[PDB]
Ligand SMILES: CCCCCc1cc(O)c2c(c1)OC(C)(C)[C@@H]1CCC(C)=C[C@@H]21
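Shown below, as structure tokens, is a lone chain in the form deposited without this ligand; questions about how it binds or moves come after it.
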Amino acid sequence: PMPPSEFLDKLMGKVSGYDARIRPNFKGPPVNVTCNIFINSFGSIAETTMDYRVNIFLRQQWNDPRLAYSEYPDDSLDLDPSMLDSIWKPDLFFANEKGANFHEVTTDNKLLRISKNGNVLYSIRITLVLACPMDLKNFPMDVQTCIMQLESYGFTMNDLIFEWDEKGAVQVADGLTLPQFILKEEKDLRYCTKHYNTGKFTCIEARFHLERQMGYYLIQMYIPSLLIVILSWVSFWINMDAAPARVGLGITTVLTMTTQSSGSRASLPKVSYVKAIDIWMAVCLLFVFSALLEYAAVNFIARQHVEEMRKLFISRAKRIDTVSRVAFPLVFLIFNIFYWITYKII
């Protein structure tokens, strides 16, 4: 017999009237193309530009009666990736590409096989940098949901319809790990049918829940953010007579805590709303600032102190020192409870 390359020349050549500019089943029902992606590499999720780089295998399956051969004895004929400009292909595109490219390492990474009944498998490797609106109302304890939509651009709903297959619409790699987030096993599948001034177009998308790993932020901006508050608590255990001791403590600590506040949003987007890490530094900033005002109240009584009425001012300046050793270690603990409970339920 003849090889599949010469066998398909009768179906993709000048004979049989086959044209790559004509969609299958013309003047009839639209083409129902089913798609399924395979995430190979994931990560590099930046927040300054609010985008993430993904590498998926976009599989496409449809039905073309013009390529339904019945003379070849086999059931699957592989095609050279250099002959993709001869058959019709869906005009699939993403609405959040923001720059993309293919891979042509020694061969155009394309897969093309034709079944006997007319099933055509089209799998390619695409490297996308997808964008998603980052919701940072609770930055250290948020559940991001970055989606990706597959719309049409040249054909409307009556000519091309995208759908998901029931046999693993979205597969995940075996050893796919992320440096900062984690990929949940549950991925939603809903439609995203858009409507413009020209018409209506099909759209398919899949939700991806990306939960953060609190192990990183808990060590860098939570343990040092708590030890600095302890530095302001040790001033109560120091005598009220040493002026340079408690003054230098209430100033060097209250100024190095601002660096922690400025160092908590160094690589974060400039959002207007307040996040969960801005209420942890601001409240702890009040503790390192109230300790400065605490010494300002103790030193103000000692500098004012008549022999009988002045002996009570010394005890009054020391009575507040007996409560500050218990108030702040018990008030900061109350805020430490309302913080790790409200942001663990919402």
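Start at 1 and count along the sequence shown; that's the residue number.
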query	finding
Continuity check for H305 and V306, given as deposited residues lacking coordinates between them	10 or more
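Although it is not shown, the form solved in complex with this ligand is what the next lines describe.
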| property | result |
| --- | --- |
| Residue among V54, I45, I320, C35 with a heavy atom within 4.5 Å of this ligand in the entry with it bound | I320 |
| Option from 289-297, 46-54, 306-314, 66-74 whose residues, in the entry with it bound, bring a heavy atom within 4.5 Å of this ligand | 289-297 |
| Contact test in the entry with it bound: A327 vs this ligand, heavy atoms, 4.5 Å | yes |
| Partner contact for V331 in the entry with it bound: this ligand, 4.5 angstroms, heavy atom | yes |
